[PDB]
>>> print(open('upload-v8.pdb').read())   # PDB, C-alpha atoms (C1' of nucleotides)
ATOM      1  CA  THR A   2       0.000   0.000   0.000  1.00  0.00           C
ATOM      2  CA  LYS A   3       2.498   2.731   1.110  1.00  0.00           C
ATOM      3  CA  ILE A   4       5.501   3.640  -1.150  1.00  0.00           C
ATOM      4  CA  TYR A   5       8.595   5.739  -0.205  1.00  0.00           C
ATOM      5  CA  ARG A   6      10.981   7.451  -2.679  1.00  0.00           C
ATOM      6  CA  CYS A   7      14.389   7.548  -1.001  1.00  0.00           C
ATOM      7  CA  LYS A   8      17.290   9.626  -2.334  1.00  0.00           C
ATOM      8  CA  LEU A   9      20.609   8.435  -0.960  1.00  0.00           C
ATOM      9  CA  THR A  10      23.517  10.998  -0.949  1.00  0.00           C
ATOM     10  CA  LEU A  11      27.030   9.743  -0.089  1.00  0.00           C
ATOM     11  CA  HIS A  12      28.586  11.528   2.954  1.00  0.00           C
ATOM     12  CA  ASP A  13      31.804   9.538   2.735  1.00  0.00           C
ATOM     13  CA  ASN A  14      33.105   7.287  -0.053  1.00  0.00           C
ATOM     14  CA  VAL A  15      31.262   3.892  -0.387  1.00  0.00           C
ATOM     15  CA  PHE A  16      33.228   0.688  -1.117  1.00  0.00           C
ATOM     16  CA  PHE A  17      31.946  -2.829  -1.897  1.00  0.00           C
ATOM     17  CA  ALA A  18      34.306  -5.490  -3.318  1.00  0.00           C
ATOM     18  CA  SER A  19      31.815  -6.191  -6.149  1.00  0.00           C
ATOM     19  CA  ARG A  20      34.410  -7.520  -8.610  1.00  0.00           C
ATOM     20  CA  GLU A  21      38.141  -8.043  -8.095  1.00  0.00           C
ATOM     21  CA  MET A  22      40.854  -7.664 -10.735  1.00  0.00           C
ATOM     22  CA  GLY A  23      44.457  -8.049  -9.630  1.00  0.00           C
ATOM     23  CA  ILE A  24      45.405  -5.441  -6.995  1.00  0.00           C
ATOM     24  CA  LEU A  25      42.147  -3.440  -7.679  1.00  0.00           C
ATOM     25  CA  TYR A  26      38.732  -4.145  -6.132  1.00  0.00           C
ATOM     26  CA  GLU A  27      35.708  -2.210  -7.436  1.00  0.00           C
ATOM     27  CA  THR A  28      32.225  -1.050  -6.521  1.00  0.00           C
ATOM     28  CA  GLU A  29      29.323  -1.550  -8.886  1.00  0.00           C
ATOM     29  CA  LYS A  30      27.248   1.553  -9.759  1.00  0.00           C
ATOM     30  CA  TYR A  31      24.029   0.016  -8.310  1.00  0.00           C
ATOM     31  CA  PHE A  32      23.422  -0.602  -4.617  1.00  0.00           C
ATOM     32  CA  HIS A  33      22.088  -4.156  -4.304  1.00  0.00           C
ATOM     33  CA  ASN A  34      18.739  -4.628  -2.648  1.00  0.00           C
ATOM     34  CA  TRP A  35      19.795  -7.074   0.029  1.00  0.00           C
ATOM     35  CA  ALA A  36      22.625  -4.724   1.122  1.00  0.00           C
ATOM     36  CA  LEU A  37      20.239  -1.798   1.405  1.00  0.00           C
ATOM     37  CA  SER A  38      17.601  -3.878   3.301  1.00  0.00           C
ATOM     38  CA  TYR A  39      20.112  -4.718   6.027  1.00  0.00           C
ATOM     39  CA  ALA A  40      21.418  -1.139   6.040  1.00  0.00           C
ATOM     40  CA  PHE A  41      17.877   0.219   6.695  1.00  0.00           C
ATOM     41  CA  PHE A  42      16.484  -2.511   9.002  1.00  0.00           C
ATOM     42  CA  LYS A  43      19.375  -4.284  10.850  1.00  0.00           C
ATOM     43  CA  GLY A  44      19.045  -3.530  14.595  1.00  0.00           C
ATOM     44  CA  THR A  45      15.497  -2.085  14.126  1.00  0.00           C
ATOM     45  CA  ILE A  46      13.927  -5.305  12.694  1.00  0.00           C
ATOM     46  CA  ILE A  47      16.513  -7.930  11.628  1.00  0.00           C
ATOM     47  CA  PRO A  48      18.780  -8.936  14.496  1.00  0.00           C
ATOM     48  CA  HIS A  49      22.410  -7.461  14.628  1.00  0.00           C
ATOM     49  CA  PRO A  50      24.734  -9.981  16.394  1.00  0.00           C
ATOM     50  CA  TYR A  51      28.090  -8.310  17.051  1.00  0.00           C
ATOM     51  CA  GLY A  52      30.056 -11.621  16.846  1.00  0.00           C
ATOM     52  CA  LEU A  53      30.023 -14.646  14.492  1.00  0.00           C
ATOM     53  CA  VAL A  54      31.920 -17.988  14.836  1.00  0.00           C
ATOM     54  CA  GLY A  55      32.072 -21.308  12.921  1.00  0.00           C
ATOM     55  CA  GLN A  56      30.524 -21.675   9.436  1.00  0.00           C
ATOM     56  CA  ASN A  57      28.208 -18.714  10.229  1.00  0.00           C
ATOM     57  CA  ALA A  58      31.298 -16.424  10.066  1.00  0.00           C
ATOM     58  CA  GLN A  59      31.834 -17.217   6.307  1.00  0.00           C
ATOM     59  CA  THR A  60      28.382 -18.332   5.027  1.00  0.00           C
ATOM     60  CA  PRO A  61      25.631 -15.730   4.326  1.00  0.00           C
ATOM     61  CA  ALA A  62      22.104 -16.148   5.810  1.00  0.00           C
ATOM     62  CA  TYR A  63      19.996 -14.201   3.443  1.00  0.00           C
ATOM     63  CA  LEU A  64      17.064 -16.483   3.182  1.00  0.00           C
ATOM     64  CA  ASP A  65      17.647 -19.074   5.952  1.00  0.00           C
ATOM     65  CA  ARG A  66      14.793 -19.111   8.455  1.00  0.00           C
ATOM     66  CA  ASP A  67      16.892 -20.789  11.132  1.00  0.00           C
ATOM     67  CA  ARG A  68      19.593 -18.162  11.172  1.00  0.00           C
ATOM     68  CA  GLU A  69      18.950 -14.841  12.808  1.00  0.00           C
ATOM     69  CA  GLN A  70      20.112 -12.399  10.183  1.00  0.00           C
ATOM     70  CA  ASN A  71      17.501 -13.140   7.554  1.00  0.00           C
ATOM     71  CA  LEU A  72      15.821 -10.828   5.200  1.00  0.00           C
ATOM     72  CA  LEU A  73      12.713 -12.960   5.542  1.00  0.00           C
ATOM     73  CA  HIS A  74      11.928 -11.100   8.708  1.00  0.00           C
ATOM     74  CA  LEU A  75      11.174  -8.223   6.418  1.00  0.00           C
ATOM     75  CA  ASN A  76       8.799 -10.295   4.334  1.00  0.00           C
ATOM     76  CA  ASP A  77       6.898 -10.681   7.540  1.00  0.00           C
ATOM     77  CA  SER A  78       6.930  -7.041   8.501  1.00  0.00           C
ATOM     78  CA  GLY A  79       5.642  -6.474   4.999  1.00  0.00           C
ATOM     79  CA  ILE A  80       8.441  -4.266   3.679  1.00  0.00           C
ATOM     80  CA  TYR A  81      10.543  -4.470   0.410  1.00  0.00           C
ATOM     81  CA  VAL A  82      13.312  -2.139  -0.770  1.00  0.00           C
ATOM     82  CA  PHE A  83      14.152  -2.318  -4.458  1.00  0.00           C
ATOM     83  CA  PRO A  84      17.781  -1.949  -5.574  1.00  0.00           C
ATOM     84  CA  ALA A  85      19.253   1.557  -6.151  1.00  0.00           C
TER      85      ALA A  85
ATOM     86  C1'   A B   1      26.951 -12.744   7.672  1.00  0.00           C
ATOM     87  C1'   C B   2      25.263  -5.120   4.080  1.00  0.00           C
ATOM     88  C1'   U B   3      28.838  -7.448  -3.175  1.00  0.00           C
ATOM     89  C1'   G B   4      29.671  -8.688   4.944  1.00  0.00           C
ATOM     90  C1'   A B   5      33.203  -9.132   9.698  1.00  0.00           C
ATOM     91  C1'   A B   6      39.279  -6.479  10.846  1.00  0.00           C
ATOM     92  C1'   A B   7      42.034  -2.848   7.254  1.00  0.00           C
ATOM     93  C1'   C B   8      48.102   3.504   8.316  1.00  0.00           C
ATOM     94  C1'   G B   9      50.573   3.673   1.149  1.00  0.00           C
ATOM     95  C1'   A B  10      54.141   2.714   5.889  1.00  0.00           C
ATOM     96  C1'   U B  11      59.338   2.969   7.058  1.00  0.00           C
ATOM     97  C1'   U B  12      64.388   6.253   6.187  1.00  0.00           C
ATOM     98  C1'   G B  13      65.687  10.830   3.999  1.00  0.00           C
ATOM     99  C1'   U B  14      69.442  18.387   5.842  1.00  0.00           C
ATOM    100  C1'   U B  15      67.172  22.120  -0.830  1.00  0.00           C
ATOM    101  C1'   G B  16      72.346  20.395  -0.159  1.00  0.00           C
ATOM    102  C1'   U B  17      77.356  21.563  -1.324  1.00  0.00           C
ATOM    103  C1'   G B  18      81.099  26.809  -2.678  1.00  0.00           C
ATOM    104  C1'   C B  19      80.787  31.857  -2.902  1.00  0.00           C
ATOM    105  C1'   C B  20      84.090  39.097   0.167  1.00  0.00           C
ATOM    106  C1'   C B  21      78.372  44.056  -1.803  1.00  0.00           C
ATOM    107  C1'   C B  22      82.917  43.652  -4.623  1.00  0.00           C
ATOM    108  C1'   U B  23      86.109  47.034  -7.433  1.00  0.00           C
ATOM    109  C1'   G B  24      88.545  53.549  -7.017  1.00  0.00           C
ATOM    110  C1'   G B  25      87.917  57.716  -5.356  1.00  0.00           C
ATOM    111  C1'   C B  26      92.141  63.783  -1.598  1.00  0.00           C
ATOM    112  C1'   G B  27      86.239  66.954   2.332  1.00  0.00           C
ATOM    113  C1'   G B  28      88.123  69.433  -1.824  1.00  0.00           C
ATOM    114  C1'   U B  29      88.983  74.513  -3.737  1.00  0.00           C
ATOM    115  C1'   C B  30      90.209  80.395  -2.126  1.00  0.00           C
ATOM    116  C1'   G B  31      91.323  83.166   2.150  1.00  0.00           C
ATOM    117  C1'   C B  32      96.668  88.478   5.819  1.00  0.00           C
ATOM    118  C1'   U B  33      93.892  87.860  12.962  1.00  0.00           C
ATOM    119  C1'   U B  34      93.175  92.366   9.685  1.00  0.00           C
ATOM    120  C1'   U B  35      92.480  97.614  11.008  1.00  0.00           C
ATOM    121  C1'   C B  36      94.149 102.152  14.494  1.00  0.00           C
ATOM    122  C1'   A B  37      97.322 103.528  18.465  1.00  0.00           C
ATOM    123  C1'   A B  38     103.349 108.765  20.982  1.00  0.00           C
ATOM    124  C1'   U B  39     105.601 104.388  27.169  1.00  0.00           C
ATOM    125  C1'   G B  40     102.622 109.114  27.611  1.00  0.00           C
ATOM    126  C1'   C B  41     102.361 113.351  31.047  1.00  0.00           C
ATOM    127  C1'   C B  42     105.587 116.935  34.876  1.00  0.00           C
ATOM    128  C1'   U B  43     110.269 117.306  37.556  1.00  0.00           C
TER     129        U B  43
END
>>> encode(input="upload-v8.pdb", output="structure tokens")
Amino acid sequence: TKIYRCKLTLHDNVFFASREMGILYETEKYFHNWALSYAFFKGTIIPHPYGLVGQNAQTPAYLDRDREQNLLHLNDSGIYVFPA
RNA sequence: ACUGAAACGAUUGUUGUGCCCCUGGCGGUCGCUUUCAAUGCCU
């Protein structure tokens, strides 16, 4: 039902290691949706565990309902950010 | 796990060595301490 137009302005330089080519790592010109969803709603809705250990330190949990940091919590709150 | 977690382009480095504000030069030239004068007066 409700829709929000968000303009994002960079207040310091943004880096993501989106592709990697020798000594240089580079940031794609689109902010991915799942990155923005956790940037908006981690701590407020999705849990924000300071520490990770074991396989959970190297394996993502985007759509795992057992793990805490899931974007599926947002499905439930009925929110969806599109990419940028 | 935000294409995630941590993330010092860092360490050492003398704008440095040599160098005369130097060489030449007359405070010079002209100039009368001048002018006037009873060792006087009376014995």
>>> resolve_selection(input="upload-v8.pdb", expression="the PyMOL selection byres ((chain A) within 12 of (chain B))", output="PyMOL selection string")
chain A and resi 15-21+26-43+47-65+68-72
>>> atom_distance(input="upload-v8.pdb", atom1="CA of residue 5 in chain A", atom2="CA of residue 82 in chain A")
9.2 Å
>>> atom_distance(input="upload-v8.pdb", atom1="CA of residue 74 in chain A", atom2="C1' of residue 6 in chain B")
27.8 Å
>>> atom_distance(input="upload-v8.pdb", atom1="CA of residue 4 in chain A", atom2="CA of residue 77 in chain A")
16.8 Å
>>> axis_aligned_box(input="upload-v8.pdb", around="range 7-14 of chain A", padding_each_side="4 Å", output="lines of an AutoDock Vina configuration file")
center_x = 23.7
center_y = 9.4
center_z = 0.3
size_x = 26.7
size_y = 12.2
size_z = 13.3
>>> build_atoms(input="upload-v8.pdb", residues="range 10-26 of chain A", atoms="N, CA and C atoms", output="PDB file, keeping the file's coordinate frame")
ATOM      1  N   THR A  10      22.338  10.179  -0.609  1.00  0.00           N
ATOM      2  CA  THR A  10      23.517  10.998  -0.949  1.00  0.00           C
ATOM      3  C   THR A  10      24.716  10.550  -0.135  1.00  0.00           C
ATOM      4  N   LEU A  11      25.857  10.291  -0.759  1.00  0.00           N
ATOM      5  CA  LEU A  11      27.030   9.743  -0.089  1.00  0.00           C
ATOM      6  C   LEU A  11      27.743  10.816   0.734  1.00  0.00           C
ATOM      7  N   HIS A  12      27.884  10.613   2.045  1.00  0.00           N
ATOM      8  CA  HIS A  12      28.586  11.528   2.954  1.00  0.00           C
ATOM      9  C   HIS A  12      30.006  11.110   3.332  1.00  0.00           C
ATOM     10  N   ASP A  13      30.412   9.893   3.001  1.00  0.00           N
ATOM     11  CA  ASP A  13      31.804   9.538   2.735  1.00  0.00           C
ATOM     12  C   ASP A  13      31.829   8.422   1.694  1.00  0.00           C
ATOM     13  N   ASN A  14      32.994   8.168   1.101  1.00  0.00           N
ATOM     14  CA  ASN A  14      33.105   7.287  -0.053  1.00  0.00           C
ATOM     15  C   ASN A  14      32.627   5.860   0.282  1.00  0.00           C
ATOM     16  N   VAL A  15      31.849   5.224  -0.597  1.00  0.00           N
ATOM     17  CA  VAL A  15      31.262   3.892  -0.387  1.00  0.00           C
ATOM     18  C   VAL A  15      32.043   2.854  -1.178  1.00  0.00           C
ATOM     19  N   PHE A  16      32.482   1.789  -0.511  1.00  0.00           N
ATOM     20  CA  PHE A  16      33.228   0.688  -1.117  1.00  0.00           C
ATOM     21  C   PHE A  16      32.532  -0.643  -0.886  1.00  0.00           C
ATOM     22  N   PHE A  17      32.344  -1.427  -1.933  1.00  0.00           N
ATOM     23  CA  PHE A  17      31.946  -2.829  -1.897  1.00  0.00           C
ATOM     24  C   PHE A  17      32.880  -3.599  -2.815  1.00  0.00           C
ATOM     25  N   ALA A  18      33.402  -4.755  -2.439  1.00  0.00           N
ATOM     26  CA  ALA A  18      34.306  -5.490  -3.318  1.00  0.00           C
ATOM     27  C   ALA A  18      33.569  -6.290  -4.408  1.00  0.00           C
ATOM     28  N   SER A  19      32.814  -5.599  -5.258  1.00  0.00           N
ATOM     29  CA  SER A  19      31.815  -6.191  -6.149  1.00  0.00           C
ATOM     30  C   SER A  19      32.433  -7.056  -7.241  1.00  0.00           C
ATOM     31  N   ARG A  20      33.553  -6.636  -7.825  1.00  0.00           N
ATOM     32  CA  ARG A  20      34.410  -7.520  -8.610  1.00  0.00           C
ATOM     33  C   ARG A  20      35.863  -7.170  -8.320  1.00  0.00           C
ATOM     34  N   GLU A  21      36.754  -8.115  -8.525  1.00  0.00           N
ATOM     35  CA  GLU A  21      38.141  -8.043  -8.095  1.00  0.00           C
ATOM     36  C   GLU A  21      39.042  -8.452  -9.251  1.00  0.00           C
ATOM     37  N   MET A  22      40.027  -7.611  -9.536  1.00  0.00           N
ATOM     38  CA  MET A  22      40.854  -7.664 -10.735  1.00  0.00           C
ATOM     39  C   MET A  22      42.274  -7.254 -10.374  1.00  0.00           C
ATOM     40  N   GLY A  23      43.104  -8.247 -10.112  1.00  0.00           N
ATOM     41  CA  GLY A  23      44.457  -8.049  -9.630  1.00  0.00           C
ATOM     42  C   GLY A  23      44.461  -7.337  -8.278  1.00  0.00           C
ATOM     43  N   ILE A  24      45.276  -6.288  -8.183  1.00  0.00           N
ATOM     44  CA  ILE A  24      45.405  -5.441  -6.995  1.00  0.00           C
ATOM     45  C   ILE A  24      44.174  -4.538  -6.777  1.00  0.00           C
ATOM     46  N   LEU A  25      43.302  -4.339  -7.776  1.00  0.00           N
ATOM     47  CA  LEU A  25      42.147  -3.440  -7.679  1.00  0.00           C
ATOM     48  C   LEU A  25      40.810  -4.157  -7.526  1.00  0.00           C
ATOM     49  N   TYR A  26      40.057  -3.702  -6.540  1.00  0.00           N
ATOM     50  CA  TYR A  26      38.732  -4.145  -6.132  1.00  0.00           C
ATOM     51  C   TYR A  26      37.764  -3.017  -6.441  1.00  0.00           C
TER      52      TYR A  26
END
